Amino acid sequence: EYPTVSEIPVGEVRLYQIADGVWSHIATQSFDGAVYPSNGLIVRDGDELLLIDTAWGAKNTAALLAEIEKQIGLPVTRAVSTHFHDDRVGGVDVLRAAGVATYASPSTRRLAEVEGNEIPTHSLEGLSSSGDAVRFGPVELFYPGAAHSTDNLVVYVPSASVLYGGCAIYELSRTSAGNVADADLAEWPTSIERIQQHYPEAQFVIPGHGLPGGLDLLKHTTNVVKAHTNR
């Protein structure tokens, strides 16, 4: 039942329950003349919610907050953006105005400022070196090293065995690499290796765009990235 790009009008947000207390949020955006879906995560944090990533823009992120209230009804109190690009931080201003405490690593905040993108308020400590992991409410944040971007984080939900890869992990239907201008193509396979070694127990893997799957999505992503490097 996972919604695909043709099933979500731009401006609307859909939620998909992955496991007890874990949802993905799915939105769509026009970009480069195409339409792309984009995922983030919602994790129950007691009687509150932790949000992972915006819904790629102010309008989409307002729709995200509305859909969360309609379908879940717990307040979003904190949000983490997993790298500095607009599908992760675009809409941070909307979150901030709604009383959400927004977070990102120091590297993400700096890169967002350089790029002209919205800047999450709070700085996450302990994620500056490859292999670093820190617990943050009901998730673990992991910096695997540079991949899709130099700052990209992944998010593990231990209670539900859900690994959220953000844009460092590709869905299976994507067999070519795109929008890699800020990527470290050479390090990306090694960074995925670090993810597999650190979260071998993941049952579900959620890419930044497209359908969830299992841990196969990690090897798939390595295969596609390597093929692009060699092309």
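So that there is no doubt, residue numbering starts at 1 and follows the sequence shown.
**Student:** Higher mean Cα B-factor in the deposited model: 131-139 or 145-153?
**Tutor:** Higher mean C-alpha B-factor: 131-139.
**Student:** Select between 1-9 and 220-228 the stretch whose C-alpha atoms have the higher average B-factor in the entry.
**Tutor:** Per the PDB record, 1-9.
**Student:** Sort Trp188, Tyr164, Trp56, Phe31 by C-alpha B-factor from the entry and give me just the highest.
**Tutor:** Most elevated C-alpha B-factor of the set, per the entry: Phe31.
**Student:** Between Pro106, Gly91, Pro75, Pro120, where does the Cα B-factor run highest in the record?
**Tutor:** Across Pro106, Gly91, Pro75, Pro120, the entry lists the biggest C-alpha B-factor for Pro75.
**Student:** Could you say whether, by C-alpha temperature factor, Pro207 belongs to the lowest, middle or highest third of its chain?
**Tutor:** Lowest third.
**Student:** Pull the Cα B-factor of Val180 out of the PDB entry and bin it into the chain's lowest, middle or highest third.
**Tutor:** CA B-factor rank for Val180: highest third.
**Student:** Ranked by Cα temperature factor within the chain, is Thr61 in the lowest third, the middle third or the highest third?
**Tutor:** Lowest third, going by the recorded CA B-factors of the chain.
**Student:** Considering every modelled residue of the chain and its Cα B-factor in the PDB entry, is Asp86 in the lowest, middle or highest third?
**Tutor:** Its C-alpha B-factor, which the entry lists for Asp86, ranks in the lowest third among residues of this chain.
**Student:** Which third, lowest, middle or highest, does the C-alpha temperature factor of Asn39 belong to within its own chain?
**Tutor:** For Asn39, the deposited C-alpha B-factor lands in the lowest third.
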